[PDB]
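Colleague: Structure of the sequence below:
(2 chains, ligands or ions: 3)
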2 protein chains.
Amino acid sequence: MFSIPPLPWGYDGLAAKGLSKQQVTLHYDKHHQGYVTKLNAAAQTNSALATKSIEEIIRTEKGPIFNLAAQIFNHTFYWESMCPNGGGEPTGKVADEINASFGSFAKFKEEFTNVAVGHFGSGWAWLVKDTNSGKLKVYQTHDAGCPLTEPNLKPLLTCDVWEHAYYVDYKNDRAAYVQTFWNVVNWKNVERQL
Amino acid sequence: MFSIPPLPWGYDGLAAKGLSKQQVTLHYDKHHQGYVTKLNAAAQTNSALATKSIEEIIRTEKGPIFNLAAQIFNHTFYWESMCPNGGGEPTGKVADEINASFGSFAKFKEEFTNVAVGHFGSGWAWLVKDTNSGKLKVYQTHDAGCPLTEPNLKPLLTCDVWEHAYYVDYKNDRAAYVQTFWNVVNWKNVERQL
Ligand SMILES: [Fe+2]
Ligand SMILES: [Fe+2]
Ligand SMILES: [Mg+2]
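Modeller: Numbers count the residues shown, from 1 in each chain, chains lettered A, B, ... in the order given. Ligands and ions are numbered 1, 2, ... in the order given. I have put the structure below:
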């Protein structure tokens, strides 16, 4: 049956950097695990699904079943995109590729910030590498939208901007939440996805 | 400049019935009033907007400006759809129209509940009247979607199911929040909209 990996850094791992044990706990135990529970129920009454992976489902299914699998993938990628020892600017190959695609880190950061803060309704802000060209791009998905449906767009980083991701700690202030996201970006994970 | 009417029953009006001073205050002062502030900002940039009514903007504009006006209307309709002395089962005209369209109040309640609880992402659950047939229907919109963009459709009632509407008091439990909505439904307002 479907399961998800534990938080890489534990329920309180980001508390000192502005995502509280309580915010993270609700987000993981209620929202993320809830999607897993719902997908497992759906597989009992849709036998085709029991043999598909999360990724296979995202690529081949649509509607509510897609939303469950995609939300599972997106949330796991989101926790892996954050780290208590992250933040600041990337170095090495990640820095090189960001500079080549966006001009500078500051320009990349402005574009991602404005997309993340400006996304209307529930969604996800992404950094992706478009393997059609090699160029990095800022990209947003709506609701459970997942870059895997556009197979050229390799995911590097995501920030959940569903209100449930930040409302506990930040209430309506998504801008403040995104500033916090920058303080915890896991550049090591981004480098692994290149 | 654009403005919104005050809450009909005060910031703490629904607290005894399950929507707290804090939940309602954030929702009205930050989100609802926030949309008004943003629309007025847009109107200084574009003077043609400033003379249009909220409903005119909803019918004619698209994109971000639409989202602002539609959210302004949807939220006012939402506050008018609730009342501390409401809840329970309607009587008179509204009851007759609900019974004629859905068979019974119980059947209507079950349909509206399931649409409201099941809406994926940000959105709104509505009771509307088709003005061609007079028949009432449960109708959902996504994000800022508003029944006024559809032909021959009059809004009667709405429940906001964006996560900010319930996350302070209910967190992930939207089902519990919708049960609370049922305890405050303003059937007097629905009667005025028939
Ligand atoms: Fe989330
Ligand atoms: Fe709202
Ligand atoms: Mg993985």
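Colleague: Residues in contact with the helix ranked longest in chain A: which ones?
Modeller: Using DSSP state H, we find that the single longest helix of chain A is helix A:63-80. Here helix A:63-80 makes contact (C-beta atoms under 8 Å, 6 or more residues apart in numbering or on different chains) with A:2, A:4-5, A:7-9, A:27-28, A:31-32, A:35-36, A:38-39, A:42, A:46, A:49, A:54-55, A:57-58, A:61, A:124, A:141, A:143-146, A:148, A:155, A:158-160, A:165, A:186, A:189, B:120. All C-beta spots, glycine's among them, are computed from the backbone N, C-alpha and C.
Colleague: Contacts (any at all) between ligand 1 and that helix?
Modeller: No - counting by C-beta under 5 Å from the ion, ligand 1 is not contacted by helix A:63-80; separation bottoms out at 5.6 Å.
Colleague: from the middle of its chain, how far away would the helix or strand that that helix is followed by be?
Modeller: Using DSSP states H and E, the helix or strand that follows helix A:63-80 in sequence is helix A:92-102. Its chain's C-alpha centre and that of helix A:92-102 lie 20 Å apart, by C-alpha atoms, centre = their mean, to the nearest Å.
Colleague: What helices and strands are in contact with helix A:92-102?
Modeller: Here helix A:92-102 is seen to pack against helix A:105-118, strand A:135-142, helix A:187-193 when contacts are counted using 3 or more C-beta pairs under 8 Å, 6 or more residues apart in numbering or on different chains; DSSP states H and E.
Colleague: Looking at these, which is nearest to ligand 1?
Modeller: Among the helices and strands packed on helix A:92-102, the nearest to ligand 1 by C-beta to the ion is strand A:135-142 (12.3 Å).
Colleague: Packing partners of that closest one?
Modeller: So strand A:135-142, by 3+ C-beta pairs under 8 Å, 6+ apart, packs with helix A:92-102, helix A:105-118, strand A:123-130, strand A:153-160.
Colleague: Could you give me the buried positions within that strand?
Modeller: A:136, A:138-141 (16 or more other C-beta atoms under 10 Å in any protein chain shown).
Colleague: interface residues of chain A facing ligand 1?
Modeller: A:160, A:162, A:165.
Colleague: The first one pairs with what?
Modeller: Read that as residue A:160. Counting by DSSP bridges, residue A:160 is bridged to residue A:124.
Colleague: ok, and the closest non-adjacent residue to the residue of chain A found nearest ligand 2?
Modeller: Residue nearest to ligand 2 within chain A (C-beta to the ion): residue A:163, separated by 9.6 Å. The shortest distance from residue A:163 to any non-neighbouring residue, by C-beta to C-beta, 6 or more residues apart in numbering or on different chains, is to residue B:163 (3.9 Å).
Colleague: Same question for residue A:16.
Modeller: residue A:84 (7.0 Å).
Colleague: thinking again about what came up before, of all the helices and strands packed on helix A:92-102, which one is nearest residue A:172?
Modeller: Among those, the nearest to residue A:172 by C-beta to C-beta is helix A:105-118 (11.7 Å).
Colleague: Can you pull out the residues in contact with the closest one?
Modeller: A:89-90, A:95, A:98-99, A:101-102, A:125, A:127, A:136, A:138-140, A:159, A:161, A:174-175, A:178, A:181-182.
Colleague: If I take it and strand A:153-160, what angle do their directions form?
Modeller: If you take axes from the mean of the first three to the mean of the last three C-alpha atoms, to 10 degrees, helix A:105-118 sits at 60 degrees to strand A:153-160.
Colleague: ok, back up a step: could you redo the helices and strands packed on strand A:135-142 as JSON lines and give each row distance to residue B:79 and mean neighbour count?
Modeller: Formatted as JSON lines, the helices and strands packed on strand A:135-142 follow (distance: least, C-beta to C-beta, whole Å; neighbours: other C-beta atoms under 10 Å in any protein chain shown):
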{"stretch": "helix A:92-102", "distance to residue B:79": "43", "mean neighbour count": "16"}
{"stretch": "helix A:105-118", "distance to residue B:79": "26", "mean neighbour count": "16"}
{"stretch": "strand A:123-130", "distance to residue B:79": "26", "mean neighbour count": "23"}
{"stretch": "strand A:153-160", "distance to residue B:79": "29", "mean neighbour count": "23"}
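Colleague: okay if I get those as JSON lines plus distance to residue B:73?
Modeller: Conversion of the helices and strands packed on strand A:135-142 to JSON lines gives the following (distance: least, C-beta to C-beta, whole Å):
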{"stretch": "helix A:92-102", "distance to residue B:73": "39"}
{"stretch": "helix A:105-118", "distance to residue B:73": "21"}
{"stretch": "strand A:123-130", "distance to residue B:73": "23"}
{"stretch": "strand A:153-160", "distance to residue B:73": "28"}
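Colleague: Tabulate those (CSV), appending distance to ligand 2.
Modeller: Formatted as CSV, the helices and strands packed on strand A:135-142 follow (distance: least, C-beta to the ion, whole Å):
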stretch, distance to ligand 2
helix A:92-102, 34
helix A:105-118, 17
strand A:123-130, 16
strand A:153-160, 19
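Colleague: What are the buried residues along stretch A:34-42?
Modeller: A:35-36, A:38-39, A:42.
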